[PDB]
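Presented below is the structure to which this report refers.
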Amino acid sequence: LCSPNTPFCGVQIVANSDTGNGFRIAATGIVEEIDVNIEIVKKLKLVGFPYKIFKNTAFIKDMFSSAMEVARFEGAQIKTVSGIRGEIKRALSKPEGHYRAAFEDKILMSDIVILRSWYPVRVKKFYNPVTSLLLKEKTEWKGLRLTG
Amino acid sequence: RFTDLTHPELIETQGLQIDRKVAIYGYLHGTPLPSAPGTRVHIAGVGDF
Amino acid sequence: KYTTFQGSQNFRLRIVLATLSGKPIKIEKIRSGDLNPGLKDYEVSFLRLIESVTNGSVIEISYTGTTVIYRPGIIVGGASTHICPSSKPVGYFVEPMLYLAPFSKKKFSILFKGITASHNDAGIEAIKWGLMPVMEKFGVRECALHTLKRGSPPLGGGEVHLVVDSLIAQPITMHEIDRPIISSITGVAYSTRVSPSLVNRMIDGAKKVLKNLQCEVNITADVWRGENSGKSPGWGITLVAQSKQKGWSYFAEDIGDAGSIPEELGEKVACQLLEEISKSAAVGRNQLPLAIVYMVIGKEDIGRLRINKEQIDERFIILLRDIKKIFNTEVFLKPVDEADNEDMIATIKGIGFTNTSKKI
Amino acid sequence: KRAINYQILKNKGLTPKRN
Amino acid sequence: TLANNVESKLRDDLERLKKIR
Amino acid sequence: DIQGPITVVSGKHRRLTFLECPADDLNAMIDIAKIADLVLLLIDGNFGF
Amino acid sequence: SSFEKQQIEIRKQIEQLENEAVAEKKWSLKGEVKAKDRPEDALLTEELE
Amino acid sequence: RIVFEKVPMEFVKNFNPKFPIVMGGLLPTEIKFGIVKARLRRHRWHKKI
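Protein chains in written order, with the authors' numbering: chain A, 889 to 1036; chain B, 248 to 296; chain C, 7 to 366; chain D, 537 to 555; chain E, 100 to 120; chain F, 100 to 148; chain G, 298 to 346; chain H, 790 to 838.
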């Protein structure tokens, strides 16, 4: 950790072997906060398809594997690709995973209903200080490599 | 200047792998350094001591 | 690895100083020879309070309870409620929070519940008029202790709200090398679940001792009755000598027991106030530990405070020794050039502490 | 030798597309 | 065999649910 | 022959310490940049930046 | 040497992160997810709001 | 004169006088480890995001 307003720069390559011809300064920034925890979150969207339609009301499949899940997600906000909003009304006993939904307007069979959700993400605790002076060459320090 | 004070007797009995004690001389800069031992400092490319 | 301490001596200070320094500490041999060894209930509750207002802190209490390992985290503060055990009053837990309140990521909003006074710990009026002003001198502009309900011993039942809005990087450097000229004497005489007569007799009692003086004497009469008056009868006074010139305050306080004479207590507290002013140079004995600590955690500059040869007692010495053990800072004392009195100037170099928790 | 490129040399930065 | 797997799955779900509460 | 810092007198009450940064090391360029009070940027005029 | 030990643990961790980075993402990180793609009743244990 | 114990031996053996040795004091926050929240942007002259 460091005090706020401590500026820093970023570099992806420090070894002479991989220097190439491009600029090596990759990122620049200012530290804004210090904390022991953070709550990054990613969008997870569950997808289902309709199979039976009664005007606003509809029945959907493939969204959930069993009625187990539907009970958890009853009343959730859902919408189609066309943008018609709908709701998770109730879980159909038969078959497993099927539920009844009501939409602002009648949906078409081709439409796909999507439930927007946010899944937590965690920061990896990886720390590899650079110790070039401790090496023989002092100019080919290499750590975790880039995905490409 | 850089100087290692490790007793060569230790270097031979335990081997070169033994951790060393080193003396570094130089002019101080910036804020005054506290006189009492135990101060935490970082040497670039080496670590914190 | 760990700075080691012995016994229950200065438990709150050593913990608080560890928080400000960020250095882990070990406290061992806590009441080892006592029949009931280890920490008391209120000490454990104090550690719980520290955990609530910090993040990343790790505390270990031994199986026998006689050893503590403490690794400080960052001061984060927030809104919380703390139930204070009857073994100690609220002032026991409030006092360390005053040290840590200005230096948080979020404002301290702590609701304390329990007994609001005792014979051995800082009272409500002591905090409001006796310590918090010293913080205001150090740059803590906004700090308030609201008394929602008074609770006298033994059943207590009092509730107080501590709010410290001011978040500052570090205390300002002190330069107080003179004896403040105290302009007036004020105080609060309070009572609970009892007739108003006791308070008046009490204010009457203090007035006789202070009548010979050359300054105003006006003591507030705060009689508490009804639902907000707590569960037990009680009554106590705090007298404060104020120097409007440089915003310094000297105070004395104590509470009465069942069967004691209200006039006598008023006389005793008045005499004790006359004692403190006699012994004090710039700050009172009960305010000195707060003053010294804040200087140590100021910017890397030399702060000067005038202290009398009376303040250099056992408590002062141990306070400095604990500070040196944790912060490695040495307080230097020099004689004043005056011959009228034998005061000394305490010169302390700050460590350059800065409140890194706050967002910018 | 690692010579500077055109973006570096002219330092035109972010500019709109112009006919 | 399958019913035993479903029973184990229900047990695991109930355990996580209990951990939430 | 010059290696490492070299401290020299430049005036009646002024002194200078010269440090030649390894041109091939980026890690040096970071930390000399952290402690260099003055930087003399050698530029090959014929070649350019 | 102690540094050699540290480099060994670092190499182990770098290998682990290599395999993780190459490895296909978990279902929760695949964006669109249907019932068939994920394990059955996976949402029950996972905390999704 | 500053004397440090428990330095890696590689520093003593793999010492090149050309490469500077920079010692810098650390404040209490520098010792602590944790999550750092920062405003970061890709450098303008860097080719790739």
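Even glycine gets a Cβ: it sits at the ideal position worked out from N, Cα and C.
Indicate whether at least one CB of chain C lies closer than 9 angstroms to the CB of residue i.
| i | result |
| --- | --- |
| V924 (chain A) | yes |
| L1003 (chain A) | no |
| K821 (chain H) | yes |
Taking 9 angstroms as the threshold (beta carbon to beta carbon), is residue i in contact with chain H?
| i | result |
| --- | --- |
| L137 (chain F) | no |
| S298 (chain G) | yes |
| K133 (chain F) | yes |
| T916 (chain A) | yes |
| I31 (chain C) | no |
| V1011 (chain A) | yes |
| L263 (chain B) | yes |
| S27 (chain C) | yes |
Checking contacts by CB at 9 angstroms: is residue i closer than that to chain D?
| i | result |
| --- | --- |
| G147 (chain F) | yes |
| residue 1041 (chain A) | The question about residue 1041 (chain A) has no answer here: the residues shown for chain A are numbered 889 through 1036. |
Can you pull the DSSP bridge partners for residue i?
| i | result |
| --- | --- |
| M208 (chain C) | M208 (chain C) is not bridged to any residue. |
| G147 (chain F) | F:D143 |
| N224 (chain C) | C:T192 |
| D251 (chain B) | B:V269 |
| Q248 (chain C) | C:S190, C:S255 |
| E34 (chain C) | C:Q12 |
| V330 (chain G) | A:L934 |
Can you pull the chain A neighbours of residue i, defined as C-beta to C-beta under 9 angstroms?
| i | result |
| --- | --- |
| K826 (chain H) | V919, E920, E921, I922, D923, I926 |
| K309 (chain G) | Those within 9 angstroms of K309 (chain G) in chain A number zero; the least Cβ separation is about 12 angstroms. |
Going along chain B, which residues have a C-beta under 9 angstroms from residue i?
| i | result |
| --- | --- |
| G814 (chain H) | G277, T278, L280, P281, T286, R287, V288, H289 |
For a contact meaning CB atoms closer than 7 angstroms, what does residue i contact in chain B?
| i | result |
| --- | --- |
| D130 (chain F) | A291 |
Find the residues of chain A that neighbour residue i, judging by a C-beta separation of less than 8 angstroms, and give them in chain order.
| i | result |
| --- | --- |
| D123 (chain F) | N904, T1027 |
| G62 (chain C) | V924 |
| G294 (chain B) | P1017, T1019 |
Under 8 angstroms between beta-carbons, which chain B residues line up against residue i? List them in chain order, please.
| i | result |
| --- | --- |
| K837 (chain H) | Those do not exist, as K837 (chain H) stays about 27 angstroms from chain B at its closest Cβ, beyond 8 angstroms. |
| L1022 (chain A) | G292, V293 |
Please confirm if residue i has its CB atom under 9 angstroms from at least one CB of chain B.
| i | result |
| --- | --- |
| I101 (chain F) | no |
| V899 (chain A) | no |
| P895 (chain A) | no |
Cβ of residue i less than 9 angstroms from any chain G Cβ?
| i | result |
| --- | --- |
| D266 (chain B) | yes |
| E799 (chain H) | yes |
Between residue i and chain F, is the shortest Cβ-Cβ distance under 9 angstroms, so that the two count as touching?
| i | result |
| --- | --- |
| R1033 (chain A) | no |
| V1018 (chain A) | yes |
| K553 (chain D) | no |
Output, in chain order, the set of chain C residues within a Cβ distance shorter than 9 angstroms of residue i.
| i | result |
| --- | --- |
| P892 (chain A) | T362, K364, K365, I366 |
Which chain H residues sit within Cβ distance under 7 angstroms of residue i?
| i | result |
| --- | --- |
| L118 (chain F) | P809 |
List the residues of chain F whose Cβ lies closer than 8 angstroms to the Cβ of residue i, in chain order.
| i | result |
| --- | --- |
| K546 (chain D) | Going along chain F, no residue has its Cβ under 8 angstroms from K546 (chain D), so there is no contact; the nearest lies around 12 angstroms. |
Using a Cβ cut-off of 9 angstroms, pull out every chain G residue sitting near residue i, in sequence order please.
| i | result |
| --- | --- |
| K930 (chain A) | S325, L326, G328 |
| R120 (chain E) | Within chain G, no residue comes near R120 (chain E); the closest Cβ sits about 13 angstroms away, beyond 9 angstroms. |
Taking Cβ-Cβ distances shorter than 8 angstroms, what residues in chain G pair up with residue i?
| i | result |
| --- | --- |
| residue 127 (chain E) | Residue 127 (chain E) cannot be examined here, being either before or after the span of chain E that is shown, 100 to 120. |
Are the C-beta of residue i and some C-beta of chain A separated by less than 9 angstroms?
| i | result |
| --- | --- |
| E346 (chain G) | yes |
So which residues on chain H does residue i lean against when the C-beta distance must stay under 8 angstroms?
| i | result |
| --- | --- |
| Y272 (chain B) | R790, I791 |
Could you check whether the Cβ of residue i sits closer than 9 angstroms to any Cβ belonging to chain E?
| i | result |
| --- | --- |
| residue 273 (chain G) | Residue 273 (chain G) falls outside the range modelled here, since chain G spans only 298 to 346, and no answer is possible. |
Closer than 8 angstroms: is that where the CB of residue i sits relative to any heavy atom of the ligand MN?
| i | result |
| --- | --- |
| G13 (chain C) | As for the ligand MN, it is missing from this structure, which has no ligand bound. |
I'd like to know if the stretch 935-946 of chain A and the stretch 994-1013 of chain A are in contact, where contact means that at least 3 CB-CB pairs between them fall below 8 angstroms.
With the cut-off at 8 angstroms, the stretch 935-946 of chain A and the stretch 994-1013 of chain A touch.
If you pair each beta-carbon of the stretch 131-147 of chain C with each one of the stretch 207-219 of chain C, do three or more pairs fall below 8 angstroms?
These segments do not touch.
Quick check on the DSSP output: what are the complete beta strand (DSSP E) runs of length 3 or more inside the stretch 271-333 of chain C, in order along the chain?
You should have 308-313.
Taking 8 angstroms as the cut-off, does the stretch 238-251 of chain C touch the stretch 149-158 of chain C (at least 3 CB pairs, one atom from each stretch)?
The stretch 149-158 of chain C vs the stretch 238-251 of chain C: in contact.
Whole beta strand (DSSP E) runs in the stretch 130-176 of chain C with 3 or more residues, listed along the chain?
Within the stretch 130-176 of chain C, the runs of beta strand (DSSP E) that reach at least 3 residues and sit entirely inside it are, in chain order, 150-155, 164-170.
Count the C-beta pairs between the stretch 164-175 of chain C and the stretch 103-121 of chain C that are closer than 8 angstroms, then say yes if the count reaches three, no if not.
With a cut-off of 8 angstroms, the stretch 103-121 of chain C and the stretch 164-175 of chain C count as touching, because enough Cβ pairs lie within range.
Quick check: the stretch 895-915 of chain A against the stretch 923-940 of chain A, are at least 3 beta-carbon pairs closer than 8 angstroms?
Contact between the stretch 923-940 of chain A and the stretch 895-915 of chain A is absent, because fewer than three Cβ pairs lie under 8 angstroms.
Does the stretch 74-86 of chain C come into contact with the stretch 126-141 of chain C, if we say contact requires no fewer than three beta-carbon pairs (one atom in each stretch) closer than 8 angstroms?
The stretch 74-86 of chain C vs the stretch 126-141 of chain C: no contact.
Please confirm if the stretch 129-140 of chain F is in contact with the stretch 348-356 of chain C, defined as three or more CB-CB distances below 8 angstroms between the two stretches.
With contact defined as three or more Cβ pairs closer than 8 angstroms, the stretch 129-140 of chain F and the stretch 348-356 of chain C are not in contact.
Which runs of the beta strand (DSSP E) at least 3 residues long sit entirely within the stretch 893-948 of chain A? Give them in chain order.
You should have 895-899, 913-923, 929-942.
With a threshold of 8 angstroms, are at least 3 pairs of Cβ atoms found where one atom belongs to the stretch 919-928 of chain A and the other to the stretch 953-960 of chain A?
With contact defined as three or more Cβ pairs closer than 8 angstroms, the stretch 919-928 of chain A and the stretch 953-960 of chain A are not in contact.
Could you tell me whether the stretch 252-259 of chain C touches the stretch 274-285 of chain C, where touching means 3 or more Cβ pairs closer than 8 angstroms?
When C-beta atoms of the stretch 252-259 of chain C are compared with those of the stretch 274-285 of chain C, three or more pairs fall below 8 angstroms, so the two segments count as touching.
Report the residue ranges of all alpha helix (DSSP H) runs contained in full by the stretch 38-105 of chain C; include only those spanning at least 4 residues, in chain order.
Correct list: 47-59.
Are the stretch 321-335 of chain C and the stretch 538-548 of chain D in contact at 8 angstroms, needing three or more beta carbon pairs?
Touching, no, given that fewer than three Cβ pairs across the two stretches are closer than 8 angstroms.
Examine the Cβ distances between the stretch 253-273 of chain B and the stretch 306-315 of chain G and report whether three or more of them are shorter than 8 angstroms.
Fewer than three beta-carbon pairs drawn from the stretch 253-273 of chain B and the stretch 306-315 of chain G are found closer than 8 angstroms, and the two stretches are therefore not classed as touching.
Evaluate the contact criterion for the stretch 964-975 of chain A versus the stretch 1003-1010 of chain A: three or more CB pairs, one atom per stretch, below 8 angstroms.
Yes, the stretch 964-975 of chain A touches the stretch 1003-1010 of chain A.
Any contact between the stretch 40-49 of chain C and the stretch 796-810 of chain H? By contact I mean 3 or more CB pairs, one from each, below 8 angstroms.
Taking a cut-off of 8 angstroms for Cβ pairs, the stretch 40-49 of chain C and the stretch 796-810 of chain H do not touch, as fewer than three such pairs fall below it.
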